[PDB]
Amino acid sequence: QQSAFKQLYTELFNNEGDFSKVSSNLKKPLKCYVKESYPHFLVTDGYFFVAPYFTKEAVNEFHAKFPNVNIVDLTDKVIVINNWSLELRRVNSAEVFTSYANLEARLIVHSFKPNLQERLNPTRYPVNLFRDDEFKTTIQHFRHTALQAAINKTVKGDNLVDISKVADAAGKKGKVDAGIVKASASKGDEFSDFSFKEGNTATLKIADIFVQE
C-alpha cells in the first residue's frame, strides 16, 4: 500500500473507529504536501487528498512559533503534522464532499510545522479519498456488518408471509407497503444504529482562520 492516507483511513474503518486499536506504527508524524488552503484546506500524501481539521487550541501555537506565516497562503507548501488524531462521525455526504454514505473519518491536528524547502511533488494529480473505488467499498463493508448485526437483533421470530396470500393471487390485490420492514431502532428514515464512539471535538471552521488573519 503506497498511499499513507488510504492505509490509515482503511485501518480505522476496519477497527470500528477505534484510534487505539490501529497499529502504533502508523502513529508517526505525517509530512504531507498542501494542495489547497481556501475555500477548502486540502492536504495530500502524494496519492489522495483529505481535509484536515485544526483545533482552536492548535492554530494559536502555529502563530506563536511561526509569526505572520499566514495559513491561508500555505497552498503548494509542505506541512508536518506532529500530533494528530483520527475521529469518525456521521455527516450529510450531500453537503460534505470529504465523506461517503453519511460517514467521515476526520484528521484532527494539534501541531503542525511548515517546511519551506519543499516544492511541487505529488506522484500524480490527487483524487478525493472518499471517491476511490476500494475505499468506498471499505465503507460499504462497514455499514453492511453494522446493518446485518442490527437486523439480526431487531427482526425476531421468523415472521414469514402466509403462503395463502400468494396462492391464487388473481382474486387478491395488495399494497406493496407489506414488504417493507424496519431494519433497527428507528429514530427517522436514516439508519444510525452504529456501535462506534462518535467524534465530539470542537474544530476550527476554515472561514475563521481566514478572517482571523
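Definition used throughout: the rigid core is the maximal C-alpha set that superposes within 1.5 Å between two forms. The numbering used is simple: start at 1 and walk along the sequence shown.
key: Between stretches 181 to 189 and 143 to 151, more displaced by Cα RMS in 8 other deposited structures of this protein (rigid core superposition)   = After superposing on the rigid core, the more displaced stretch in 8 other deposited structures of this protein is 181 to 189.
key: Stretch with larger C-alpha RMS deviation in 8 other deposited structures of this protein, core superposed, 66 to 74 versus 45 to 53   = Looking at 45 to 53 and 66 to 74 in 8 other deposited structures of this protein, the bigger mover is 66 to 74.
ask   = Per the entry, where is the mean C-alpha temperature factor higher: 9 to 17 or 201 to 209?
value = That would be 201 to 209.
key: Which of 101 to 109 and 138 to 146 has higher mean CA B factor, as the PDB entry lists it   = Per the PDB entry, the higher value belongs to 101 to 109.
query = Say you rank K165, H63, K153, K182 by Cα B-factor from the PDB entry; which sits at the top?
reply = Of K165, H63, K153, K182, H63 has the highest C-alpha B-factor.
ask   = When you compare the CA B-factors of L160, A178, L26, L42 as listed in the entry, which one comes out on top?
value = When the deposited C-alpha B-factors of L160, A178, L26, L42 are compared, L26 is largest.
inquiry  = Split into thirds by Cα B-factor across the chain's modelled residues, where does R131 land: lowest, middle or highest?
reply    = Its C-alpha B-factor, which the entry lists for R131, ranks in the lowest third among residues of this chain.
query = For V69, does the deposited CA B-factor place it in the lowest, middle or highest third of the chain?
reply = Highest third, going by the recorded CA B-factors of the chain.
query = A51: which third of its chain by C-alpha temperature factor?
reply = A51: CA B-factor falls in the lowest third of its chain.
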